[PDB]
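In the block that follows, a single chain appears as structure tokens, in the form deposited in one PDB entry.
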């Protein structure tokens, strides 16, 4: 049985590029000489084949080899991570897992309570926090800043629509006007919001620290500010009683102990130049 793997565009965990003329992927190599491994993902580009690669595709490839299965990677239809909205239905990668469109989510998918009620998560492959991406020289103290708590058109802030960050701000935050403001401004994808911070369309992007710290490392105009809230993991997503549960988690724990995960960090995440 071929596992339908679903994923999403999210650097540096998943890079998405167009194929060449002949339908292959461009032969790239890391600075240390090793081949960069890529797969033919299908999905929307504004269904046609594209080249997928990164932290999470290297991980997919590991698990494939260890558990001996075949995969067909596809990009989530709506371009979302997945929330549950009013009959309350799950969207994004979460919706696709449950409805059968996917067999496995391989992505920087945040492990939380809500989602774990409906799917199985592997043991975390990474552990990380929330932070705020801003222009260099924009001191944010924390969650309770004046410009946030008392919002305005002079200082716009946002997150990505239909992530666990979004529904938590809508449904759960102890603050009225913040979600009213944020609902006006939230972005469809993380790449768009990161670019908006650069082009001054957005003054603060609330998002995964693993993505934003990587982004700030490569962009000297951008800094992160805050360890907001608490830490949470990324894990593989599966249906609650699929027979892969045990071995996916065994593989990830083995990957942490034999240094394979540390290597994925060195290849894709750990970077500095500013």
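Residue numbers count along the first chain shown, from 1. The term rigid core refers to the most C-alpha atoms you can superpose between the two forms while keeping them within 1.5 Å.
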Gap between residue 86 and residue 87, counted in deposited residues with no coordinates, falls in the class 4 to 9
Missing residues of the deposited chain between residue 46 and residue 47 number 4 to 9
Higher of the two mean Cα B-factors (87-95, 112-120; per PDB record) comes from 87-95
When mean C-alpha B-factors in the record are compared for 133-141 and 75-83, the larger belongs to 133-141
Entry record, C-alpha B-factors for 152, 128, 162, 186; the maximum is at 152
Among the modelled residues of its chain, the C-alpha B-factor of residue 22 falls in the third labelled highest
Here the Cα B-factor of residue 52, set against its chain, lands in the third termed middle
Quick tally, chain-level thirds of C-alpha B-factors: residue 247 sits in the middle
Here the Cα B-factor of residue 228, set against its chain, lands in the third termed highest
By the entry's values, the third containing the CA B factor of residue 63 is the middle
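Beyond the structure shown, there is the form deposited in another entry, which is absent from this document and is the topic of what follows.
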Across 150, 117, 99, 200, the single C-alpha shifting 2 angstroms or more between the shown form and the other one with the core held fixed is at 150
Report task. Answer yes if the Cα of residue 181 shifts by 2 angstroms or more between the shown form and the other one on a rigid-core superposition, and no otherwise. Result -> yes
Large Cα move at residue 71 between the shown form and the other one, threshold 2 Å, rigid core = no
**Message:** Rigid core aligned, does the Cα position of residue 191 differ by 2 Å or more between the shown form and the other one?
**Reply:** no
A change of 3 Å or more separates this form from the other: in the other entry, the C-alpha atoms of residue 96 and residue 173 are farther
Checked in the other entry: CA of residue 265 to CA of residue 228 differs by 3 Å or more, atoms lying closer
